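Q: part one of the complex, left exactly where it sits:
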Amino acid sequence: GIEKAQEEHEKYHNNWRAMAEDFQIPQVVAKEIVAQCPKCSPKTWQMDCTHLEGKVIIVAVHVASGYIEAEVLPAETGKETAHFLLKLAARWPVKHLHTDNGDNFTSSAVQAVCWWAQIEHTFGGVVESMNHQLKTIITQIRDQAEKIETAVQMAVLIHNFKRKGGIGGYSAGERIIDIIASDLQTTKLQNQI
Amino acid sequence: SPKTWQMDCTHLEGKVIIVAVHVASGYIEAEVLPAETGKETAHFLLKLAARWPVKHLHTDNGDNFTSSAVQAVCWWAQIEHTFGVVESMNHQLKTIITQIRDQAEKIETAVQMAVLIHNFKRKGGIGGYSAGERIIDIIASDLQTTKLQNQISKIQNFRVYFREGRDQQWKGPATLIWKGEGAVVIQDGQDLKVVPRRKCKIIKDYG
């Protein structure tokens, strides 16, 4: 397996995650294989903010499964963004946060919450598709509720558990639960063996 | 039961906190309410129903738990609502709140940090798991059972055109059972047989 991984990286220069999945090697050997080349994540969340009918809607998307979590913000300050990030860290395990070079995400309160929750905060074609799909669902079920908050939460529910599309035919919640369960069993068997 | 949630409310520092607990694994989601009306209670129940699969809810005979807005949200999300652990979780949450009070300025920061500490930083139990690992494992096992029972027929909904010994005509569309590495098991006219891999064509045959 190790010779197959070395020949595959010498031929096509694969990343360490695909080699660890396809050749069944622990991740430290694949990391050293990629690090020894001269030519050369289930817990990553991307954040964004948008506007809709004068309100500010903050959207956090889990990337490897397509999971959504949205909220209505009364303002675009830093304390409310830090509170939403604290609630997101208190609900799901967050290890790597991806954002844009903004003003509210670059704040002392949000950096204090990131330090207390031990999250790697990084600044930099999936999130635009997620926001566009959320906008189409919001325009679909707008007339079933009065305020925009109930419409946002019902759009989150429909996007999470009522859209069984894609190649596998799986919704977002079942995908993120199966991914984190398989990653937990993989880390357990690697810590045991 | 893997899909039963219970709810309760309490007071702290002049505020009103509402705590919802997944019972089978001890998973706490808590929020700070600015009022005790039915609108924000149904809004919190809608956020809980949008984040996690809630199929059965158990509450008490309160004033905000008996509301037409809560009935409308439960009808829209197809929730079986019953009237009647959470006190022990409230005691644990208040002790953690008093433990790390000195790092939070407001009250909601201390509440959400206590929720994070109780969810991911208190490893106990029998196997030595936290609460998030327990709820993820329970829901994954139940979904694996139901999806297995559907995927058997989903893989049996295919068609196989096979070839037999010393006959140059492709036979009819027998039903696939299992596709091995070098052998294919098919069912043809209530007769199970095994053909090699180089003598079969597997189509879904839209038409």
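A: Good, I have the coordinates. Numbers count the residues shown, from 1 in each chain, chains lettered A, B, ... in the order given.

Q: can you tell me which helix in chain A is longest?
A: helix A:172-192 (DSSP state H).

Q: For chain A, which segments count as helices?
A: Here chain A has its helices, by DSSP H, at A:2-11, A:16-23, A:27-35, A:79-91, A:108-117, A:127-140, A:148-161, A:172-192.

Q: can you put the ones you listed in CSV and add mean neighbour count and distance to chain B?
A: The way it works is simple: take the backbone N, C-alpha and C, and place the C-beta from them, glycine included. Below are these laid out as CSV (neighbours: other CB atoms under 10 Å in any protein chain shown; distance: least, CB to the nearest CB, whole Å):
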stretch, mean neighbour count, distance to chain B
helix A:2-11, 13, 18
helix A:16-23, 16, 17
helix A:27-35, 15, 20
helix A:79-91, 21, 4
helix A:108-117, 17, 7
helix A:127-140, 15, 12
helix A:148-161, 21, 4
helix A:172-192, 16, 4
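
Q: do you know which of these lies nearest residue B:32?
A: Of all the helices of chain A, helix A:79-91 sits nearest to residue B:32, with 10.1 Å by CB to CB.

Q: gap between the closest residue to residue A:184 other than its chain neighbours and residue A:121?
A: Distances taken as CB to CB, 6 or more residues apart in numbering or on different chains place residue B:133 nearest to residue A:184, at 6.2 Å, with adjacent residues excluded. To residue A:121, residue B:133 is 25 Å away according to CB to CB, to the nearest Å.

Q: Put this one in as chain C:
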Amino acid sequence: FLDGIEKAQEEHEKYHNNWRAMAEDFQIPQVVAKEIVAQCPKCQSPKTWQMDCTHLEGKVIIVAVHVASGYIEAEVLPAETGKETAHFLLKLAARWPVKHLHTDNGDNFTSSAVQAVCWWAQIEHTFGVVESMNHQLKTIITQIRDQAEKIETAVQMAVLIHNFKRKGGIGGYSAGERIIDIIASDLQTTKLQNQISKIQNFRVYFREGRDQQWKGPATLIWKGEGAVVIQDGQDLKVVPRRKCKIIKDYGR
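A: Same chains as before, plus chain C:
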């Protein structure tokens, strides 16, 4: 059966699902589910390609990218005249189903040869992703340049590494699996639409219970072995076969 149809109608009224999810969950045939979807007033591309020309080490490379999945087919031209561009477009239209081409306002893209190729292959040509794919392809070309003697070998090996080795996206699939799944879904949609029209060219006279009279002409949806699904009064219902007369309808 009828309980499943009424549950699917209430579910589509609430949440506005698609027809595949309802046909898999509620155990109804796909023609009835597509009928329920098509009767919604609030519920109403896999064959588009982009072309580009670039320069690399004194040669002229031409890249054609399938947009909906990111599928790159590249070639090396001897010159930048119109005839070799028309020949590459004819090869691309011969291997993959192309129905809409998106190009820029170049000179060799505006020629009688490209116009005759688009006329013979029936392709809608539109003059205005690709820069990002060109950046990724040129980084891969500069990554594995030393393993090839000429430039065309490095170009084809970079196309292979980009198509079948680099994995990403939501589920972690490559580009070839995405284009094959998208085209297969389009094929399933076209076959089901042909079956829907061929069944919907009929008419049904139905007779209600405790009445010896025939009612109005309801449109047939799905003809089963014991049950018959009809549409009447903007409503779907299931009538048994012993109370129905299926006749041909000439109503163009």
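
Q: now the longest helix of chain A against helix A:16-23, angle please.
A: 80 degrees (axes from the mean of the first three to the mean of the last three CA atoms, to 10 degrees).

Q: for helix A:172-192, packing partners?
A: Packing partners of helix A:172-192 (3 or more CB pairs under 8 Å, 6 or more residues apart in numbering or on different chains; DSSP states H and E): strand A:67-73, helix A:148-161, helix B:131-155.

Q: how distant is that helix from the center of its chain?
A: 15 Å (CA atoms, centre = their mean, to the nearest Å).

Q: so what's the residue nearest in space to the middle of chain A bridging to?
A: Geometric centre of chain A, nearest residue: residue A:62, 2.3 Å, by CA atoms, centre = their mean. Assessed by DSSP bridges, residue A:62 has beta-bridge partners residue A:45, residue A:67.

Q: who are the neighbours in contact with it?
A: By CB atoms under 8 Å, 6 or more residues apart in numbering or on different chains, the residues touching residue A:62 are A:44-45, A:68-69, A:92, A:176.

Q: Would you mind measuring from it to chain C?
A: 10 Å (CB to the nearest CB, to the nearest Å).

Q: Over to residue A:134?
A: With CB to the nearest CB as the criterion, residue A:134 and chain C are 14 Å apart.

Q: Now for that residue: which residues touch it?
A: Here residue A:134 is in contact with A:59, A:68, A:70, A:155-156, A:159 (criterion: CB under 8 Å, 6+ apart).

Q: include chain D too:
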Amino acid sequence: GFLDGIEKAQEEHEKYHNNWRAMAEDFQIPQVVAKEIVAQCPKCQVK
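A: So that you can see how it sits with the rest, here is chain D on the chains above:
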């Protein structure tokens, strides 16, 4: 072939409004295309 027969049947039904069996026996087209020619007329009705 009877493709010119189909064109002449369209012209003849546009003028005189024949029925389907008459055109199928005169112009020697099959009965399905003659019934479709009668079916496409908004004033006629196949009977």
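
Q: and what packs on helix A:172-192, now that chain D is part of it?
A: Checked by 3+ CB pairs under 8 Å, 6+ apart, helix A:172-192 has strand A:67-73, helix A:148-161, helix B:131-155 packed alongside it.

Q: Show me what counts as buried in the first one.
A: Think strand A:67-73. Going by neighbour count (16 or more other CB atoms under 10 Å in any protein chain shown), the buried part of strand A:67-73 is A:67-71, A:73.

Q: by contact count, what packs against that strand?
A: strand A:55-62, helix A:79-91, helix A:127-140, helix A:148-161, helix A:172-192.

Q: contacts for the longest helix of chain A?
A: Everything outside helix A:172-192 that qualifies as a contact, by CB under 8 Å, 6+ apart, is A:26-27, A:42, A:62, A:64-68, A:93, A:159-161, A:163, A:168, A:170, B:53, B:133, B:136-137, B:139-140, B:143-144, B:147.

Q: Just the C-alphas of that helix, formatted as PDB.
A: The C-alpha trace of helix A:172-192 is given here as PDB (Å, rounded to 0.1, in the frame of the first residue of the first chain):
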ATOM      1  CA  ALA A 172     -28.000  17.500   3.900                       C
ATOM      2  CA  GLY A 173     -28.600  16.300   7.500                       C
ATOM      3  CA  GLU A 174     -28.200  12.600   6.700                       C
ATOM      4  CA  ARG A 175     -25.000  13.400   4.800                       C
ATOM      5  CA  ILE A 176     -23.400  15.500   7.600                       C
ATOM      6  CA  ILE A 177     -24.500  12.900  10.300                       C
ATOM      7  CA  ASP A 178     -23.000  10.000   8.300                       C
ATOM      8  CA  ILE A 179     -19.800  12.000   7.500                       C
ATOM      9  CA  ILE A 180     -19.100  12.900  11.100                       C
ATOM     10  CA  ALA A 181     -20.000   9.400  12.300                       C
ATOM     11  CA  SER A 182     -17.600   7.800   9.800                       C
ATOM     12  CA  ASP A 183     -14.800  10.300  10.700                       C
ATOM     13  CA  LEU A 184     -15.300   9.500  14.400                       C
ATOM     14  CA  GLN A 185     -15.100   5.800  13.800                       C
ATOM     15  CA  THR A 186     -12.000   6.300  11.700                       C
ATOM     16  CA  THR A 187     -10.300   8.400  14.400                       C
ATOM     17  CA  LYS A 188     -11.300   5.800  17.000                       C
ATOM     18  CA  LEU A 189      -9.900   2.800  15.100                       C
ATOM     19  CA  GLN A 190      -6.700   4.800  14.300                       C
ATOM     20  CA  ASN A 191      -6.300   5.700  17.900                       C
ATOM     21  CA  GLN A 192      -6.800   2.100  18.900                       C
END
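
Q: Cheers, nothing more for now.
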